[PDB]
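Just one chain is shown here, as C-alpha cells, and it is the form deposited in one PDB entry.
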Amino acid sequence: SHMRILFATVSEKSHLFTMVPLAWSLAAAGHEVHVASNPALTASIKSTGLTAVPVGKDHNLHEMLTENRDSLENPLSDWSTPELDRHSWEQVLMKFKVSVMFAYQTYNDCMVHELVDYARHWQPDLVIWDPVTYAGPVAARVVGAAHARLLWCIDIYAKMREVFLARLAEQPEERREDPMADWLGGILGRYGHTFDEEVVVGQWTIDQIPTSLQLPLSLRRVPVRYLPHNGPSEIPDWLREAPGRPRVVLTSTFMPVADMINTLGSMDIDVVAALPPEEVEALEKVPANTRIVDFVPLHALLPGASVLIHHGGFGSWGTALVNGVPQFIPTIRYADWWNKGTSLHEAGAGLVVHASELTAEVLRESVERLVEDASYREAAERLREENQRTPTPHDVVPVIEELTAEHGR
C-alpha cells in the first residue's frame, strides 16, 4: 500500500548519509520518499539521488560551537554514562535544559514551522527522523503521521530520557519541570495538539546499532543492518594496488594531524589519510608510506585493512564494523563518540583513548597492538557477523509498512 514518507534531518551531512540506504529501500518498494532539512543541506541531499525539500532557514550552531569551543566538552555535555546512579534530579534536569537551549532549539526551531507546513501540504503517512531532529515528530504529530527515529547512535538520548523521567517522578509537584515538554509541547500547543512522550523517542526506533552494543530500553525497536554510505563516491585507480604492509586508514588542543602523519610515516605500515582541503597544506612533507586524499570510498577501501583511526562518527565506525576492521578512536565525550569507542574497547574489537592523552607514543603503541594482537581482528569479526545477521533495509520494509498502518492515520 503506497506511502508518502518524509525523512527529516538536521543539516549535517554525516547524519544525512546514515539515512540514505533506508530511504532508498523504501523508494525501491514503490513509496514516495522526500528528505527535508535546512537549505544548507539541499546540495548534499540532491547527490544522494533522493528528492530534497528545503525548509526554513540556516542556523549558526557551528559558529557557536567553534567560538565557544573551550566550553564544549564539560560535565553537562557528557551524555556518555546515562545512569540513575550518576544523575541527581538537578544534574539530569540541567543536562536537558542546556541541550534543549543550545543544541536542539538551534538545530530545529529554524525549520520546525516550515516542516509542519510541508507535512500539512504533502500529508506523509510516515515521518522518519534523525534522533536529534525533533522538528520531525512535531510535524508528524500535527498531521497524524506515524513516525520513528532512525538511529546512528548508541542510544544515550533515550536512555538519558529514561533517567530524566525516573528522577522527575521523585519530585514534588512544585519542583516538576520538563524542558522537552515545555519546548515541544509549546510548539504542538500552537497547532492545537498535545505533547506525548512519543515525540521524544518516536513511536518506534529503527536501529542501525548491533544489539550487543546498544543500550537496552523500553521502546519498540526495529533492528536494521547498517549499509555504508559515506556520500558521493568513485573508485580511484590506485585502490587496486596491494601495499605489502598492514594498511592503516585515518579519517577526519589535541595532537596535530601533521604529527600523527609523521609518526605513522615512520612505521612498517601503509597509510591512507582522508583529510580536508586546508589540513592537506598545513603539512610539509608526505611520508613515503602515506597517501593523502580528500575523499575515499571507505567501504571499498576498508576490506583487508588493519586499522581505522577516527573520532567516532558513525560512517567510519559502521563501515569499519561491517568490514571487520579494528578501530582506534582518540576522541572526546561529545555526542555518542565516547560510547562508540568504549563499546568496541569493552568488546575487545578496538581501542579508545581521550584525544587529550594522544601522543606519538600512544598512537604508535595502539596501532602496533591492533595490528599484532589478533584478538582485535577476531572480536571485530564477531561484530561484523552480528551486523550481517541483522535484516537489511530491504527486509525491514514490510515491518515499517505494518507499523505505519498500526500507528498512523
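Start at 1 with the first residue shown and count on from there. The term rigid core refers to the most C-alpha atoms you can superpose between the two forms while keeping them within 1.5 Å.
S.K.: Thinking of the other compared PDB entries, is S343 one of those residues unmodelled in at least a third of them?
M.R.: No, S343 is modelled in every other compared entry.
S.K.: Please establish whether a third or more of the other compared PDB entries omit coordinates for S80.
M.R.: No, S80 is modelled in every other compared entry.
S.K.: Going by the PDB record, how many residues of the deposited sequence fall between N289 and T290 without any coordinates: none, 1 to 3, 4 to 9, or 10 or more?
M.R.: Per the record, no deposited residues are absent between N289 and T290.
S.K.: Which has the higher mean CA temperature factor in the PDB entry, 313-321 or 257-265?
M.R.: The recorded data point to 257-265.
S.K.: Averaging the C-alpha B factors as listed in the entry, name the stretch that ends up higher: 138-146 or 172-180.
M.R.: Result: 172-180.
S.K.: Which listed residue, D294, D130, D155, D207, has the largest C-alpha temperature factor in the record?
M.R.: Across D294, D130, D155, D207, the entry lists the biggest C-alpha B-factor for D294.
S.K.: If you check the C-alpha B-factor for each of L308, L151, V280, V224 in the entry, which is highest?
M.R.: When the deposited C-alpha B-factors of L308, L151, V280, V224 are compared, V280 is largest.
S.K.: Quick check on the deposited entry: does the C-alpha B-factor of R333 sit in the lowest, middle or highest third of its chain?
M.R.: According to the entry, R333 has a C-alpha B-factor in the chain's middle third.
S.K.: Is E32 in the lowest, middle or highest third of its chain when residues are ranked by C-alpha B-factor?
M.R.: Bottom third by C-alpha B-factor.
S.K.: Should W122 be placed in the lowest, middle or highest third of its chain by the C-alpha B factor in the entry?
M.R.: It belongs to the middle third of the chain when residues are ordered by C-alpha B-factor.
S.K.: Taking the values exactly as deposited, rank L403 by C-alpha B-factor within its chain and report the matching third: lowest, middle or highest.
M.R.: It falls in the middle third of the chain.
S.K.: By the record's CA B-factor, is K340 among the lowest, middle or highest third of residues in the chain?
M.R.: It belongs to the lowest third of the chain when residues are ordered by C-alpha B-factor.
As for the form deposited in another entry, it is not shown, yet the points below apply to it.
S.K.: After superposing on the rigid core, which residue out of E67, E361, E372, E357 has its C-alpha displaced by 2 Å or more between this form and the one not shown?
M.R.: The one that moves 2 Å or more is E67.
S.K.: Please check whether, in the other entry, the CA atoms of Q91 and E67 lie closer or farther apart than here, given a change of 3 Å or more.
M.R.: Farther is correct, given that in the other entry the C-alpha spacing of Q91 to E67 is increased by at least 3 Å.
S.K.: With a change of at least 3 Å, which way does the C-alpha separation between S71 and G313 go in the other entry: closer or farther?
M.R.: So the answer is closer.
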